[PDB]
Every structure is written in C-alpha cells, then in structure tokens.
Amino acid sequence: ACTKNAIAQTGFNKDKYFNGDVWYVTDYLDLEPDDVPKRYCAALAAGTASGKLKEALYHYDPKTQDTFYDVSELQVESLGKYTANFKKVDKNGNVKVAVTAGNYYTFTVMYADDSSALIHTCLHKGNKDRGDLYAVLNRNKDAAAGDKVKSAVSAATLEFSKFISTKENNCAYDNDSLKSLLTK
C-alpha cells in the first residue's frame, strides 16, 4: 500500500504544467521492492479540455514490448494534488477498458518549473497492492536531471542516488499520440 502524503509545490503553476505538452519520465523511485520492472519507460501529457484537467499516459516495457496508453480526467483535491480515474485506450483513443471505481491514481506535483518536475503517484488498480512511486520528469526526452529538480528531491528528504534512470533504456515515445489523446 501507499504510505506517503506528498506535499504539493508551494505556488504550483497549474496552467504551466497542464499546458498540453509532453513530460518524459527520466528517473523513478518505487518505495515497494519489486513493484515495477527495473527497466521501464513512461511519459505523459497533461492539459485541459473544455476546462477539465486531463492526463494521457504512455507506458513502454523495453524488454517485453508491453505497451499501453491511458486517458484520465483529474479531480482536484488541492492545488497540485489530484485524483485520476483512468481508462485504458489504444494510441488513437479507442477505449479498451472503461473507467471503473477503484481504478484510479493520485498524483501530486511536488516541484515543477519550465523544463522539469518531481511528482508522486499512488496507483490503485483492482486487487493490486502497489506502493508509492516518485518520478522525475523533463520536457526533453532522456535529459539529465538539473540542479533545481535534484535539489527538490533532496528537500523532499529523498536520496536521488536511489532513483532508477530510464534514460539508457531503448525506448521510443509517441509524443504525437499523447498530445492528441488529451481530448479523448
């Protein structure tokens, strides 16, 4: 289970974060051992559609080739803290698994600027017992983490050396599909 109440960035700029552009995961930290594969790749687009906060997700397993997309409408708990009911979709937005109660993740933006972010997520999916996941994001694919986000990791009392890099994995990202999904 998840154990952290992540604190959102003071003065979080929602319009800047939810601007329709893509965020690449470059490093991640799962608090529960063996909760995720050690080699993995993910990206998301966050935006607004008709005034609703939306996220489109992309997961790619560089070994198995398992690939999946999701779309969510986000509900606001407080500035920078959201609850998201996801539907699994193909890259075109065609629904493969409908929204269902108990299938949701929380999402907290702990730090963000024009190029980088640190987020916490807690995934709830059916009978899965998942744990806390932190991710360092960048606007640029596979970019090395800058001093601002690394300092934010420290300020959150996390050790960045413990994070697992995704930058060296053979991963491709369909950024065009992610952006287009924001309306799905």
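The first residue of the sequence shown is number 1, and the count goes up from there.
Next on the checklist: If you average the CA temperature factors as listed in the entry, which stretch comes out higher, 109-117 or 91-99?
Outcome noted: Averaging CA B-factors over each stretch, the winner is 91-99.
Item to check | Of 22-30 and 60-68, the stretch whose C-alpha atoms average the higher B-factor in the entry | outcome: For C-alpha atoms only, the mean B-factor is higher in 60-68.
Item to check | Largest Cα B-factor, entry values, listed residues 43, 152, 36, 122 | outcome: Spelled out: the listed residue with the top C-alpha B-factor is 36.
Next on the checklist: When the deposited Cα B-factors of this chain's modelled residues are ordered and cut into thirds, is residue 6 in the lowest, the middle or the highest one?
Outcome noted: It belongs to the lowest third of the chain when residues are ordered by C-alpha B-factor.
Checklist entry - Lowest, middle or highest third of the chain for the C-alpha temperature factor of residue 78? => result Bottom third by C-alpha B-factor.
Item to check | residue 49 - which third its CA temperature factor falls in, relative to the rest of the chain | outcome: Its C-alpha B-factor belongs to the highest third of this chain's values.
Item to check | Cα B factor band for residue 138 (lowest, middle or highest third within the chain) | outcome: Tercile = lowest for this residue's CA B-factor.
Next on the checklist: What third of the chain does residue 147 rank in for C-alpha temperature factor, lowest, middle or highest?
Outcome noted: Answer is middle: the recorded C-alpha B-factor places it there.
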